[PDB]
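Here the structure comes first, spelled out in structure tokens, and everything after it is commentary.
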Number of protein chains: 14
Amino acid sequence: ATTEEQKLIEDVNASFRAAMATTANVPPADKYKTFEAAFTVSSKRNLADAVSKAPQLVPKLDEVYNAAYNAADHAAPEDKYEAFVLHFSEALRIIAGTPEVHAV
Amino acid sequence: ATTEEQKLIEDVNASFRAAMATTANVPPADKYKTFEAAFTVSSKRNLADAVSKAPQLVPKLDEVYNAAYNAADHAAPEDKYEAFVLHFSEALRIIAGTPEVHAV
Amino acid sequence: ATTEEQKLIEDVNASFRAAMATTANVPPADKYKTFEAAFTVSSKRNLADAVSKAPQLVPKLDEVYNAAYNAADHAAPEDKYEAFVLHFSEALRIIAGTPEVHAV
Amino acid sequence: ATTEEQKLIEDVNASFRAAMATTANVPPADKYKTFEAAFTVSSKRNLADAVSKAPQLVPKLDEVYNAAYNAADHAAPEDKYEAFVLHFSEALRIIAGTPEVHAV
Amino acid sequence: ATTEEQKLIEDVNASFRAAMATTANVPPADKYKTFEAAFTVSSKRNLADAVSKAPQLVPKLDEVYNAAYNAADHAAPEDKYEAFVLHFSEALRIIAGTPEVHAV
Amino acid sequence: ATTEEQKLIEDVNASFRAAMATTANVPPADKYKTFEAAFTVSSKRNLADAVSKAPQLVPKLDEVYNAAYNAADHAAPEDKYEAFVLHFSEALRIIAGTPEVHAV
Amino acid sequence: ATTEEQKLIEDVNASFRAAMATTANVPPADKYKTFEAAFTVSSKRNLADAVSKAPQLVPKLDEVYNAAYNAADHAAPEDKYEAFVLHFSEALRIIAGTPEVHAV
Amino acid sequence: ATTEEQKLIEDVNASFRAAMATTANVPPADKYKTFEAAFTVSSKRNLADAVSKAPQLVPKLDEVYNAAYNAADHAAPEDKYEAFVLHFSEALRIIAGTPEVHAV
Amino acid sequence: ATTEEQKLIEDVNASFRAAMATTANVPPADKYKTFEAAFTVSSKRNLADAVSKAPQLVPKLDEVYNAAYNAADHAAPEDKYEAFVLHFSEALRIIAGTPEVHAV
Amino acid sequence: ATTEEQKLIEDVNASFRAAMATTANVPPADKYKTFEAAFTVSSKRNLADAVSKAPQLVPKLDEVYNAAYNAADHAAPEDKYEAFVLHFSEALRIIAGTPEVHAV
Amino acid sequence: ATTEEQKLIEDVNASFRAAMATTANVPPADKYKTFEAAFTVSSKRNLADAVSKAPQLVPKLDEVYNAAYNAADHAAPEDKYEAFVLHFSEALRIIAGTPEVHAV
Amino acid sequence: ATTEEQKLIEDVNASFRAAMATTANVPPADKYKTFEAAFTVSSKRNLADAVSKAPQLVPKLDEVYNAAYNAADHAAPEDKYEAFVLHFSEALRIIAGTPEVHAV
Amino acid sequence: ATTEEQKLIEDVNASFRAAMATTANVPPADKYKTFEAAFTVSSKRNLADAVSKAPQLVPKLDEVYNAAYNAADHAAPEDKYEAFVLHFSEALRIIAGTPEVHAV
Amino acid sequence: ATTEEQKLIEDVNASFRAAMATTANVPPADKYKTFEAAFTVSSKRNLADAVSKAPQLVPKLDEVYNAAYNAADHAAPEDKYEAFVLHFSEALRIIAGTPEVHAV
Ligand SMILES: [As]
Ligand SMILES: [As]
Ligand SMILES: [As]
Ligand SMILES: [As]
Ligand SMILES: [As]
Ligand SMILES: [As]
Ligand SMILES: [As]
Ligand SMILES: [Zn+2]
Ligand SMILES: [Zn+2]
Ligand SMILES: [Zn+2]
Ligand SMILES: [Zn+2]
Ligand SMILES: [Zn+2]
Ligand SMILES: [Zn+2]
Ligand SMILES: [Zn+2]
Ligand SMILES: [Zn+2]
Ligand SMILES: [Zn+2]
Ligand SMILES: [Zn+2]
Ligand SMILES: [Zn+2]
Ligand SMILES: [Zn+2]
Ligand SMILES: [Zn+2]
Ligand SMILES: [Zn+2]
Ligand SMILES: [Zn+2]
Ligand SMILES: [Zn+2]
Ligand SMILES: [Zn+2]
Ligand SMILES: [Zn+2]
Ligand SMILES: [Zn+2]
Ligand SMILES: [Zn+2]
Ligand SMILES: [Zn+2]
Ligand SMILES: [Zn+2]
Ligand SMILES: [Zn+2]
Ligand SMILES: [Zn+2]
Ligand SMILES: [Zn+2]
Ligand SMILES: [Zn+2]
Ligand SMILES: [Zn+2]
Ligand SMILES: [Zn+2]
């Protein structure tokens, strides 16, 4: 039910956070490309799981993805990675119904 | 069905944009409280319309409101207004399924 | 009718009381987050039930959660849990039309 | 329609705040009954206005009065006034749909 | 006009009398809790009907309810039930304009 | 089954072709904006139908929409409309399994 | 799982890009013929791998192939090569779920 | 195993023969278009069944279709229908391992 | 009573698996401590049962508990939970005489 | 009734931690005096609860107190407070079966 | 009965004190190692005796062992030996019900 | 009931008086040590009996012990034994409700 | 609760210490009677308070009084006062659960 | 109520009379020690019953006990028993409100 949706959001975030980790030792120049590559893989699995376990969540997920890709797409190379991460995490919190979408 | 939801988003944005306008001629130190006052009024109408025309949209609307209010709540006085507007416009675009949630 | 609303309030309280129970053995420093996690799950179900059985109750419900969450949000770590429970218990009683909103 | 409700909430708060003012110079031991006397008068007008301009608001209003009245009713003489004001302020904010029901 | 008010009083009394009936078999230590539970349910319906059919009657209904609840609230456990019933039946008769408010 | 998917593709194309029609009498400067506005409305309905009738089709649909919007997004104002239409019809044909994706 | 599909897309693209390379030194009029010959070989392997590792991907792959062969099939000799490459790269991006299907 | 493949070939032929039937009462100039439309629908179902029951059969099936659509594609309007039917029937017999691929 | 020992191992595993379940919706940074809290409770009961039903099993049990607590103790916050579960799972299998201590 | 023991340990620690808090803004030389007074009060309640809910815990509890009181008793005035706290905290952890009795 | 427990505590202390003796002429950097080796041997015997003569004492014994091993585990090499001895001696006194757990 | 408590007091005194007897021949300097050793043994049994037969008596018993160990603890070596005996016997008489707590 | 008992012990000690004060300026021969007279008055009040606030404390209190009166009763005139004070302060400390019953 | 007090007096007297009976066959020299021993046991039970059933009776009871003990305390060995019995019965009769406190 609505449980499936929650769990999937957890997975997505996990994949997201893991891809971010891949960026640890890569130089700024390659950070976005590195993260992006790692994330694209795990994302598809997540999206597929959604398609069969919680279809209503698919378009929402597509929206957060789009939000991050588009933000980075229009940002200067140097800001792309940060632009994506920032918009993705907030967008995901919104989709999740999390009240504090900004920070601590 | 889904049309009602779209229309309501339009209304919300309209109320939002109008309240922002109330802020035009005021000095920065006041812009937030002025905007907030004007927006609180029109918001309630919008939320009520949602409750009877598209209930599923209510909790979402609540999330985009909380996004904005909470962002401003934790911001320095000088940034509150901008913090609210920025987070509100984006959160609403996300809820609307608008792909470009950042800017032009 | 108005019966649906009553029943939903019962459910909400049940979810609330159950999440509180989850806090049984965790040391004070974790009680809040633990409770928060358990409650966020069950809350969504309740809110969804409201959306289809008693929409007018949704905005009221969104109010109590905010009431509670905001109270804890501004409280010192040590008081957050108690701040939330206290304000949630009362806000729900108010929404329910219960005359004695404080205690025994 | 929802405008009438907002306006009435403003009036109620106004009556409330004014009665509190009556408590300005009275010695702590008589503050509550002094306040109580002043507030009982203005309340009736407000309630009547509600009955003809926004009936749905009446039961909500009767609720918040009972909330404040009952809290003070069970408090020690020395705490009655504060108990009433605190619970009334918050109950009214809840009924108004105000997200921050506690403080600044 | 005034017919609606009469009918509503009938309904209230009916709900009252029915809840009292719920108390039939229960022993003298539970009668109040049992009665209270049964009555709280039916009351809300009645109050809601009043809000839309005869709003002026709402605050009055609130007064008779309070009379009864408050009377029992300050009574010893053993007397609570009787205190409530006695004060409720009379308060309702008064609100109804019934000349013999005491007994046969 | 796979029938639902086919039908939905038909609907999408229909909405697309209709929005294009909205453009016949507008000169260059307004063509994209106009089309975009008309299409955004009908698209949401289609996407919603997909979410409940053929979820696997959602991400594919998100793709063609993405294909089209992005192509126009990076095109000079004068070419945006044509860029969108061209990429949309082809992407849709691909998603539909239509062998001749270019023209005749 | 969905990983197999991703990997196969990578392989396909690799075979594609390699065949394109074969065209590096042939004069325009032979570029297509040359490319076509080199690509036909490697394609079969890729398609076979799909048949056993990710069957659902086969019909999609067939589409992309058809997309390009058909585009070139109807193009003037001088444009055939470019027609194939353009349509193949985009069709593959669509099948891959790549949002930017056009260019940099 | 190999039974599934046989059965699917039967289905395909059935769909093919049925679509041909749709062409009976229409005049030649309309035969092809009509047949094509009817066949495109049923084909997709068949192809999908193949994807999950006998993947190795997919590329083969894609060959008969290709063979047919391409034969008609290059034929004069008047011959298209016959060109398709002739090539489809034979290609399918070849794929089926039927020794007499021409006629009786 | 080698039976008693077996049964106790079952209980321990049950308590373990249940505590893990408590970790179901809590964010990762909290999983370990949430799990730890839930497990510490049920563990004591199990250990006490061992003390009176199968004393020889007590020191073994303290060993698998130590194995897990120590593994997590020296792990980075992010790995603690996984470190504990992995080592506990295996250590218990070893103590149980289970030949496949790793996985499937 | 091992649950009762756990709960009591929680209470004891709570009383302990609270008394420590009483020491916050008092000058060092005043610390111990203050803490001791606050703690002696709450301790008795805890011990009494133990006497009726978990008697076996009483002598253990008397051991931690003796531990702490005696440690401070033999310490120089300047070290008494720290001597008590240090020994009390560890002794309680030992009695609780907590493996890490020293620190983090 | 309780005699067995006392005797076992004596044995444990004896083993402990003997192992300490082994540390007699070993250079400081080697003291903890040496002691640990000697103590691990004798400890097992003691623990086994407990398992059959006084099982309830086993879990307690594991606690004082864990107290000492953990204290040294987190101490700088130079302090490990002293950390272990200090925490072991006290933890054992606590388990024994000895009132003066610190020194004299 | 209260009988159990009386009997236990008798036992305690018996253990006490017996330990004192152990001191019969040892010279003054060692007298306290000797007595202490003998008494510590028998005391534990008595305390355990109390824990299961009369828990309320445990904390009282701890008081008498404490009273005696503390009195001797602060006495000069030469007076320790006498200090303990005197305070123990009197403290025990007080706990027993014996009116003449001093002598004959 | 157990709080009442504590408070009463405080009162008793206060009355005791106050009566002692009455003795400051009286020479030996009159000291006991003076103290005795002053104490007998205040004692009764204390005992009465106990009878209604903490009955279980009465017999204990009777014990401490008995200890003091009896000790003095058998002492030479010159020692009576000191005999009473000494035995009373200790007996009261015992009844209070105070560990150091002798001095500092 | 006052009944409880009466009943307790009956019990006390019964215990008293029974202890006296224990004295039937012992020689004068042991009479008082025999009676005293038997009575001390049963007295405690009675006093405890008073503490929970009729607290106001405790101090009175304490007072008669004291009357009898003290009378015997100051009597020659040969008269102790008779001194106690005589004063106890009369004292008890007085406490009971019995008019003839001397004899028949
Ligand atoms: As942002
Ligand atoms: As409050
Ligand atoms: As009355
Ligand atoms: As193109
Ligand atoms: As491992
Ligand atoms: As230490
Ligand atoms: As003494
Ligand atoms: Zn863009
Ligand atoms: Zn932000
Ligand atoms: Zn916040
Ligand atoms: Zn942004
Ligand atoms: Zn806030
Ligand atoms: Zn409150
Ligand atoms: Zn009340
Ligand atoms: Zn508050
Ligand atoms: Zn009241
Ligand atoms: Zn009355
Ligand atoms: Zn782009
Ligand atoms: Zn094209
Ligand atoms: Zn073609
Ligand atoms: Zn293109
Ligand atoms: Zn062709
Ligand atoms: Zn041919
Ligand atoms: Zn370690
Ligand atoms: Zn490992
Ligand atoms: Zn000491
Ligand atoms: Zn330490
Ligand atoms: Zn550690
Ligand atoms: Zn120490
Ligand atoms: Zn001391
Ligand atoms: Zn003495
Ligand atoms: Zn005497
Ligand atoms: Zn002394
Ligand atoms: Zn005397
Ligand atoms: Zn006499």
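By convention in this document, the chains of the structure tokens carry letters A, B, ... by their order, each chain's residues are numbered from 1, and ligands are numbered from 1 in the order they are shown.
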task = Would you mind listing the residues within 8 Å of ligand 25, counting only C-alpha atoms and all ligand atoms, as a VMD selection string?
result = chain I and resid 71 83 86 to 87
Query raised in the report: When the cut-off is 12 Å and you count only C-alpha atoms and all ligand atoms, which residues lie near ligand 4, shown as an MDAnalysis selection string?
Result: (chainID F and resid 67:68 71 82:91 101:103) or (chainID G and resid 67:68 71 82:91 101:103)
Q | Backbone-only DSSP, helix (DSSP H, G or I) members of range 6-102 of chain N, as a PyMOL selection string | A | chain N and resi 6-22+28-53+57-73+77-96
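Going from CA of residue 3 in chain H to CA of residue 54 in chain H covers 9.4 Å.
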**Report entry** residue 21 in chain F surroundings by only C-alpha atoms, 12 Å radius, close-in-sequence under 3 positions cut, as a PyMOL selection string
**Finding:** chain F and resi 14-18+24-26+31-32+34-36+38-39+85
Take the selection from the previous step and output its residues with N, CA, C and O atoms, as a PDB file, in the first residue's frame.
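Result file follows (again_35.pdb):
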ATOM      1  N   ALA F  14      -3.225  12.140 -30.003  1.00  0.00           N
ATOM      2  CA  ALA F  14      -4.406  12.956 -30.248  1.00  0.00           C
ATOM      3  C   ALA F  14      -4.265  14.312 -29.551  1.00  0.00           C
ATOM      4  O   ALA F  14      -4.489  15.364 -30.165  1.00  0.00           O
ATOM      5  N   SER F  15      -3.891  14.281 -28.271  1.00  0.00           N
ATOM      6  CA  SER F  15      -3.713  15.505 -27.493  1.00  0.00           C
ATOM      7  C   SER F  15      -2.639  16.370 -28.116  1.00  0.00           C
ATOM      8  O   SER F  15      -2.763  17.581 -28.198  1.00  0.00           O
ATOM      9  N   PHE F  16      -1.571  15.717 -28.546  1.00  0.00           N
ATOM     10  CA  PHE F  16      -0.439  16.370 -29.170  1.00  0.00           C
ATOM     11  C   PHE F  16      -0.885  17.085 -30.438  1.00  0.00           C
ATOM     12  O   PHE F  16      -0.698  18.292 -30.590  1.00  0.00           O
ATOM     13  N   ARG F  17      -1.488  16.323 -31.340  1.00  0.00           N
ATOM     14  CA  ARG F  17      -1.945  16.844 -32.617  1.00  0.00           C
ATOM     15  C   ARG F  17      -2.951  17.981 -32.414  1.00  0.00           C
ATOM     16  O   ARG F  17      -2.953  18.967 -33.155  1.00  0.00           O
ATOM     17  N   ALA F  18      -3.801  17.853 -31.407  1.00  0.00           N
ATOM     18  CA  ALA F  18      -4.781  18.893 -31.137  1.00  0.00           C
ATOM     19  C   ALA F  18      -4.090  20.177 -30.677  1.00  0.00           C
ATOM     20  O   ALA F  18      -4.423  21.272 -31.136  1.00  0.00           O
ATOM     21  N   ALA F  24      -2.005  26.856 -35.490  1.00  0.00           N
ATOM     22  CA  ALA F  24      -2.158  27.278 -36.894  1.00  0.00           C
ATOM     23  C   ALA F  24      -2.235  28.782 -37.237  1.00  0.00           C
ATOM     24  O   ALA F  24      -1.648  29.237 -38.229  1.00  0.00           O
ATOM     25  N   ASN F  25      -2.950  29.553 -36.428  1.00  0.00           N
ATOM     26  CA  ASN F  25      -3.113  30.971 -36.711  1.00  0.00           C
ATOM     27  C   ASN F  25      -2.213  31.928 -35.944  1.00  0.00           C
ATOM     28  O   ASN F  25      -2.328  33.147 -36.107  1.00  0.00           O
ATOM     29  N   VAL F  26      -1.333  31.405 -35.097  1.00  0.00           N
ATOM     30  CA  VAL F  26      -0.444  32.299 -34.367  1.00  0.00           C
ATOM     31  C   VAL F  26       0.863  32.415 -35.146  1.00  0.00           C
ATOM     32  O   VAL F  26       1.309  31.443 -35.761  1.00  0.00           O
ATOM     33  N   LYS F  31       3.866  30.850 -31.282  1.00  0.00           N
ATOM     34  CA  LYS F  31       3.639  29.424 -31.532  1.00  0.00           C
ATOM     35  C   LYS F  31       4.057  28.442 -30.436  1.00  0.00           C
ATOM     36  O   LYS F  31       3.266  27.582 -30.038  1.00  0.00           O
ATOM     37  N   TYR F  32       5.283  28.549 -29.937  1.00  0.00           N
ATOM     38  CA  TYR F  32       5.704  27.613 -28.904  1.00  0.00           C
ATOM     39  C   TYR F  32       4.914  27.727 -27.621  1.00  0.00           C
ATOM     40  O   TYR F  32       4.374  26.746 -27.119  1.00  0.00           O
ATOM     41  N   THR F  34       2.058  29.056 -26.985  1.00  0.00           N
ATOM     42  CA  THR F  34       0.673  28.663 -27.166  1.00  0.00           C
ATOM     43  C   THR F  34       0.515  27.160 -27.112  1.00  0.00           C
ATOM     44  O   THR F  34      -0.285  26.635 -26.338  1.00  0.00           O
ATOM     45  N   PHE F  35       1.282  26.473 -27.951  1.00  0.00           N
ATOM     46  CA  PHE F  35       1.240  25.023 -28.013  1.00  0.00           C
ATOM     47  C   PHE F  35       1.524  24.412 -26.657  1.00  0.00           C
ATOM     48  O   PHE F  35       0.804  23.534 -26.182  1.00  0.00           O
ATOM     49  N   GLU F  36       2.605  24.879 -26.053  1.00  0.00           N
ATOM     50  CA  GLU F  36       3.041  24.398 -24.756  1.00  0.00           C
ATOM     51  C   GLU F  36       1.920  24.481 -23.725  1.00  0.00           C
ATOM     52  O   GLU F  36       1.657  23.529 -22.995  1.00  0.00           O
ATOM     53  N   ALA F  38      -1.401  24.690 -24.179  1.00  0.00           N
ATOM     54  CA  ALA F  38      -2.478  23.770 -24.505  1.00  0.00           C
ATOM     55  C   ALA F  38      -2.112  22.315 -24.219  1.00  0.00           C
ATOM     56  O   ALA F  38      -2.917  21.540 -23.710  1.00  0.00           O
ATOM     57  N   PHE F  39      -0.881  21.953 -24.544  1.00  0.00           N
ATOM     58  CA  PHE F  39      -0.426  20.593 -24.361  1.00  0.00           C
ATOM     59  C   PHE F  39      -0.233  20.184 -22.915  1.00  0.00           C
ATOM     60  O   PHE F  39      -0.515  19.042 -22.555  1.00  0.00           O
ATOM     61  N   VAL F  85       7.981  19.579 -31.663  1.00  0.00           N
ATOM     62  CA  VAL F  85       7.134  18.730 -32.489  1.00  0.00           C
ATOM     63  C   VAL F  85       7.917  17.589 -33.149  1.00  0.00           C
ATOM     64  O   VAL F  85       7.529  16.419 -33.069  1.00  0.00           O
TER      65      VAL F  85
END
